[PDB]
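Undergrad: The following block contains the structure, expressed as structure tokens.
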There are 2 protein chains.
Amino acid sequence: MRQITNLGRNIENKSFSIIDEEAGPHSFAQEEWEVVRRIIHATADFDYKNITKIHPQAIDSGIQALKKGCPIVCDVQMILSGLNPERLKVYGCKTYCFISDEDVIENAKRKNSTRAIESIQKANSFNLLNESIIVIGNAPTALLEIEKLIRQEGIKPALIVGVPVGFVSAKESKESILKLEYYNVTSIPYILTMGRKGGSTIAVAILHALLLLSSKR
Amino acid sequence: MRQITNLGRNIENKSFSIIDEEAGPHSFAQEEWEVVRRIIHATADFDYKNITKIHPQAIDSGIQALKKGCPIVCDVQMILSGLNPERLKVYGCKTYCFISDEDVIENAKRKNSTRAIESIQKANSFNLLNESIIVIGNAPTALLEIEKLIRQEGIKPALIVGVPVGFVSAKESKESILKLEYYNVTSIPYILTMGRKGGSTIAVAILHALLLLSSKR
Ligand SMILES: [Cl-]
Ligand SMILES: [Cl-]
Ligand SMILES: [Cl-]
Ligand SMILES: [Cl-]
Ligand SMILES: [Cl-]
Ligand SMILES: [Cl-]
Ligand SMILES: [Cl-]
Ligand SMILES: [Cl-]
């Protein structure tokens with residue numbers, strides 16, 4: 001479930017209350033607001049109240065795949081190191097991150113690409129991008145490879161959590177997921193933070209919020 | 001060292017230059033600016049250009065500690081699982097984080113405190129707080145206990161990287177360090193992000209930046 005003192009639980013509920021009060025009126029649904037607020041909570045940055053975008057199917061589609069014990073593929077290790085394994089076992093979700101794998105780094109140097117792009121391709125070769133939750137919280141090149149695989153092959157992940165932070169392709173990487181949404185009738189559900197802002201913590205924030213939402217039947 | 005494709009590097013340098021051009025004129029020293037920059041990088045948030053405070057001895061003191069394979073205590077796992085062990089082994093630094101421990105979790109429930117405070121205490125009961133680098137990145141209560149120990153007892157860490165993000169005591173925890181600096185002729189060097197903004201991501205960014213500096217001398 002989760003290990004946190006009753007005090008910590010009080011400090012947290014005390015924060016969410018302040019965050020709600022401060023943010024002011026917003027345009028999210030109850031279920032959605034919880035994810036947005038959770039990001040604000042993880043960063044003390046209120047911009048995620050505006051830059052955060054939640055595909056209409058994002059919550060259901062994601063919580064559903066979570067219960068099926070679907071896999072969770074992250075681009076950077078930190079994201080994994082932030083999830084309570086105990087909470088994940090309940091559903092039986094397997095996690096992945098080939099960013100530091102031997103072959104990935106070998107192909108990346110050879111192909112003159114990035115590790116993130118190559119680990120996304122590795123997860124793809126094992127059919128891991130299928131009906132799963134892909135969390136990109138650091139490498140835009142990763143989120144772009146997904147953009148590509150979606151058009152090229154049909155990869156149909158359960159949910160894309162594209163919140164990479166960057167100054168070069170971060171902005172675009174997220175905009176492109178929105179372009180896929182425009183052209184397709186039934187597009188891949190997503191939760192992304194538009195612009196350059198994002199990061200492992202933002203992603204973890206989202207996962208925890210989603211899990212807690214699932215927990216609440 | 002650093003496993004990062006030649007491509008990924010050019011992406012970072014392009015990022016750093018963007019950060020520099022955008023930031024504008026600042027009041028930091030060359031070496032110090034690096035640390036600040038690294039934070040803005042990891043977050044795409046330029047507020048850290050104003051909220052970041054670096055003690056006069058924070059850089060020299062912290063690097064010197066690393067060189068001597070000094071311990072590195074963290075308040076949360078997220079931070080350890082974000083530092084390249086390969087680089088620390090060079091100086092032979094040992095990484096610690098008792099926030100997950102059994103006794104720590106226990107003592108916390110009984111004392112009606114937080115796992116964070118109790119883990120700072122356990123770390124205390126090992127002489128791991130002297131000439132060490134204390135990296136607090138999520139629990140203000142951890143930084144507050146550290147402050148208390150600088151007062152009650154004479155613990156003398158080599159560097160306090162106090163960047164806990166929070167809403168209830170974040171602002172205060174960091175301020176209490178500035179107080180000690182005021183009342184003490186010779187205080188413990190710090191690198192903190194004023195206000196209530198912060199996070200393990202910022203912590204790691206600061207550490208990496210430090211390590212890199214260390215690697216250029
Ligand atoms: Cl809104
Ligand atoms: Cl990237
Ligand atoms: Cl980028
Ligand atoms: Cl990150
Ligand atoms: Cl300045
Ligand atoms: Cl705390
Ligand atoms: Cl707090
Ligand atoms: Cl954090």
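Residue numbering restarts at 1 in every chain; chains get A, B, ... in the order shown in the structure tokens, and ligands count up from 1 in that same order.
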As a ChimeraX atom specification, could you give me every residue of chain A near chain B (at most 9 Å apart, counting only C-alpha atoms)?

TA: /A:3-8,11-12,14-16,18-19,41-45,76-82,100,105,108-109,112-115,138,165-169,196-201

Undergrad: Quick one: residues within 12 Å of residue 213 in chain A, only C-alpha atoms counted, chain neighbours fewer than 3 positions away excluded, as JSON, numbers by chain?

TA: {"A": [30, 31, 32, 33, 34, 35, 38, 59, 60, 62, 63, 64, 66, 67, 206, 207, 208, 209, 210, 216, 217]}

Undergrad: What does the structure give for the distance between CA of residue 172 in chain A and CA of residue 51 in chain B, in Å to one decimal?

TA: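 Computing the Euclidean distance for CA of residue 172 in chain A and CA of residue 51 in chain B yields 28.5 Å.
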
Undergrad: Residues of range 22-211 of chain A in alpha helix (DSSP H) according to DSSP, as a PyMOL selection string?

TA: chain A and resi 22-23+30-43+48-51+58-67+77-80+85-89+102-111+115-125+140-152+170-183+200-211

Undergrad: For residue 191 in chain A, list every protein, DNA or RNA residue within 7 Å, evaluated using only C-alpha atoms, and leave out those in the same chain fewer than 2 positions away; present the list as a ChimeraX atom specification.

TA: /A:53-55,58,160-162

Undergrad: Can you tell me how far CA of residue 10 in chain B sits from atom 1 (Cl, counted along the ligand's line) of ligand 2, in Å to one decimal?

TA: 10.6 Å

Undergrad: Got a sec: who's within 10 Å of residue 133 in chain A, counting only C-alpha atoms, leaving out chain neighbours fewer than 6 positions off, as a PyMOL selection string?

TA: chain A and resi 61-63+65-66+70-74+93+95+157-161+189-190+207

Undergrad: Report, in Å to a single decimal, how far apart CA of residue 177 in chain B and CA of residue 147 in chain B are.

TA: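 Interatomic distance here is 6.4 Å.
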
Undergrad: Residues of range 13-191 of chain B in strand (DSSP E) according to DSSP, as a PyMOL selection string?

TA: chain B and resi 52-54+72-74+95-96+133-136+159-162+191

Undergrad: Can those selected residues be exported to a file as a PDB file, in the first residue's frame so that it contains N, CA, C and O atoms?

TA:
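Below is the file that was written, part-v5.pdb:
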```
ATOM      1  N   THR B  52      17.993  29.972  -5.674  1.00  0.00           N
ATOM      2  CA  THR B  52      19.157  29.190  -5.282  1.00  0.00           C
ATOM      3  C   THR B  52      20.194  30.014  -4.544  1.00  0.00           C
ATOM      4  O   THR B  52      20.661  31.035  -5.037  1.00  0.00           O
ATOM      5  N   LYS B  53      20.537  29.560  -3.347  1.00  0.00           N
ATOM      6  CA  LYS B  53      21.530  30.231  -2.526  1.00  0.00           C
ATOM      7  C   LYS B  53      22.721  29.304  -2.285  1.00  0.00           C
ATOM      8  O   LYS B  53      22.554  28.178  -1.794  1.00  0.00           O
ATOM      9  N   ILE B  54      23.917  29.765  -2.635  1.00  0.00           N
ATOM     10  CA  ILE B  54      25.111  28.961  -2.420  1.00  0.00           C
ATOM     11  C   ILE B  54      26.049  29.640  -1.439  1.00  0.00           C
ATOM     12  O   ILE B  54      26.478  30.770  -1.669  1.00  0.00           O
ATOM     13  N   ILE B  72      27.748  10.078   1.879  1.00  0.00           N
ATOM     14  CA  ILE B  72      26.733  10.903   1.234  1.00  0.00           C
ATOM     15  C   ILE B  72      25.358  10.428   1.688  1.00  0.00           C
ATOM     16  O   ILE B  72      24.812   9.466   1.152  1.00  0.00           O
ATOM     17  N   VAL B  73      24.800  11.101   2.687  1.00  0.00           N
ATOM     18  CA  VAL B  73      23.500  10.710   3.210  1.00  0.00           C
ATOM     19  C   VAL B  73      22.373  11.432   2.496  1.00  0.00           C
ATOM     20  O   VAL B  73      22.442  12.639   2.276  1.00  0.00           O
ATOM     21  N   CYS B  74      21.333  10.689   2.144  1.00  0.00           N
ATOM     22  CA  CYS B  74      20.193  11.264   1.449  1.00  0.00           C
ATOM     23  C   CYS B  74      18.939  10.981   2.240  1.00  0.00           C
ATOM     24  O   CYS B  74      18.884  10.011   2.997  1.00  0.00           O
ATOM     25  N   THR B  95      27.281   5.671  -0.188  1.00  0.00           N
ATOM     26  CA  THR B  95      25.966   6.296  -0.247  1.00  0.00           C
ATOM     27  C   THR B  95      25.017   5.715   0.812  1.00  0.00           C
ATOM     28  O   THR B  95      24.920   4.499   0.944  1.00  0.00           O
ATOM     29  N   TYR B  96      24.319   6.570   1.560  1.00  0.00           N
ATOM     30  CA  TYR B  96      23.389   6.096   2.600  1.00  0.00           C
ATOM     31  C   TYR B  96      21.971   6.672   2.478  1.00  0.00           C
ATOM     32  O   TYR B  96      21.780   7.751   1.919  1.00  0.00           O
ATOM     33  N   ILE B 133      28.402  14.829   3.301  1.00  0.00           N
ATOM     34  CA  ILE B 133      27.569  15.671   2.465  1.00  0.00           C
ATOM     35  C   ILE B 133      26.134  15.202   2.662  1.00  0.00           C
ATOM     36  O   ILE B 133      25.757  14.107   2.236  1.00  0.00           O
ATOM     37  N   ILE B 134      25.350  16.035   3.340  1.00  0.00           N
ATOM     38  CA  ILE B 134      23.947  15.744   3.618  1.00  0.00           C
ATOM     39  C   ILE B 134      23.045  16.323   2.530  1.00  0.00           C
ATOM     40  O   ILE B 134      22.943  17.539   2.372  1.00  0.00           O
ATOM     41  N   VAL B 135      22.401  15.429   1.787  1.00  0.00           N
ATOM     42  CA  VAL B 135      21.511  15.798   0.694  1.00  0.00           C
ATOM     43  C   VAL B 135      20.040  15.528   1.029  1.00  0.00           C
ATOM     44  O   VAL B 135      19.563  14.398   0.952  1.00  0.00           O
ATOM     45  N   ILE B 136      19.333  16.580   1.413  1.00  0.00           N
ATOM     46  CA  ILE B 136      17.923  16.485   1.748  1.00  0.00           C
ATOM     47  C   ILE B 136      17.183  16.967   0.505  1.00  0.00           C
ATOM     48  O   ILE B 136      17.434  18.072   0.028  1.00  0.00           O
ATOM     49  N   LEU B 159      28.873  19.659   3.873  1.00  0.00           N
ATOM     50  CA  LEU B 159      28.016  20.369   2.932  1.00  0.00           C
ATOM     51  C   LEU B 159      26.581  19.921   3.114  1.00  0.00           C
ATOM     52  O   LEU B 159      26.310  18.727   3.188  1.00  0.00           O
ATOM     53  N   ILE B 160      25.663  20.875   3.206  1.00  0.00           N
ATOM     54  CA  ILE B 160      24.254  20.536   3.336  1.00  0.00           C
ATOM     55  C   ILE B 160      23.580  20.980   2.040  1.00  0.00           C
ATOM     56  O   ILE B 160      23.579  22.167   1.698  1.00  0.00           O
ATOM     57  N   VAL B 161      23.051  20.023   1.293  1.00  0.00           N
ATOM     58  CA  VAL B 161      22.355  20.339   0.054  1.00  0.00           C
ATOM     59  C   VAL B 161      20.886  20.268   0.430  1.00  0.00           C
ATOM     60  O   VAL B 161      20.257  19.221   0.281  1.00  0.00           O
ATOM     61  N   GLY B 162      20.355  21.379   0.934  1.00  0.00           N
ATOM     62  CA  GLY B 162      18.968  21.412   1.379  1.00  0.00           C
ATOM     63  C   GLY B 162      17.958  21.941   0.385  1.00  0.00           C
ATOM     64  O   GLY B 162      17.656  23.134   0.362  1.00  0.00           O
ATOM     65  N   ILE B 191      23.896  24.621   0.073  1.00  0.00           N
ATOM     66  CA  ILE B 191      23.473  24.945  -1.281  1.00  0.00           C
ATOM     67  C   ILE B 191      21.998  24.623  -1.168  1.00  0.00           C
ATOM     68  O   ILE B 191      21.614  23.445  -1.151  1.00  0.00           O
TER      69      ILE B 191
END
```

Undergrad: Just checking: using only C-alpha atoms, which residue out of B:120, B:36, B:90, B:142 ends up closest to residue 104 in chain B?

TA: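 Answer, going by the shortest atom-to-atom distance: B:120.
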
Undergrad: Can you write out as CSV which residues of chain B fall within 8 Å of ligand 5, alongside each residue's closest atom pair and its distance in Å to one decimal, counting only C-alpha atoms and all ligand atoms and ordering rows by chain and ascending residue number?

TA:
```
residue,atom,partner,partner_atom_place_in_ligand_line,distance
B:25,CA,ligand 5,1 (Cl),7.0
B:26,CA,ligand 5,1 (Cl),3.7
B:27,CA,ligand 5,1 (Cl),4.2
B:28,CA,ligand 5,1 (Cl),6.3
B:49,CA,ligand 5,1 (Cl),6.0
B:50,CA,ligand 5,1 (Cl),5.7
```

Undergrad: For the residues in that selection, give me C-alpha atoms as an mmCIF file, in the first residue's frame.

TA:
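Full text of selection.cif as output:
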```cif
data_model
loop_
_atom_site.group_PDB
_atom_site.id
_atom_site.type_symbol
_atom_site.label_atom_id
_atom_site.label_comp_id
_atom_site.auth_asym_id
_atom_site.auth_seq_id
_atom_site.Cartn_x
_atom_site.Cartn_y
_atom_site.Cartn_z
ATOM 1 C CA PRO B 25 23.186 38.456 -16.456
ATOM 2 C CA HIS B 26 23.404 36.837 -13.035
ATOM 3 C CA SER B 27 25.311 37.300 -9.810
ATOM 4 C CA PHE B 28 26.997 33.917 -9.653
ATOM 5 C CA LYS B 49 18.187 31.334 -10.799
ATOM 6 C CA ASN B 50 16.808 33.470 -7.984
#
```

Undergrad: Show which residues sit within 9 Å of range 121-126 of chain A, as a list in words. Count only C-alpha atoms, and ignore same-chain residues fewer than 3 positions away.

TA: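 Close residues of range 121-126 of chain A: residues 73, 96, 97, 98, 104, 116, 117, 118, 129, 130, 145, 146, 149 and 155 of chain A.
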
Undergrad: Which of these, B:144, B:23, B:178, B:88, has the shortest distance to residue 212 in chain B once you count only C-alpha atoms?

TA: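 Looking only at the distances to residue 212 in chain B, the closest residue turns out to be B:88.
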
Undergrad: Measuring between only C-alpha atoms and all ligand atoms, which one of A:128, A:174, A:148, A:48 shows the shortest distance to ligand 1?

TA: A:48
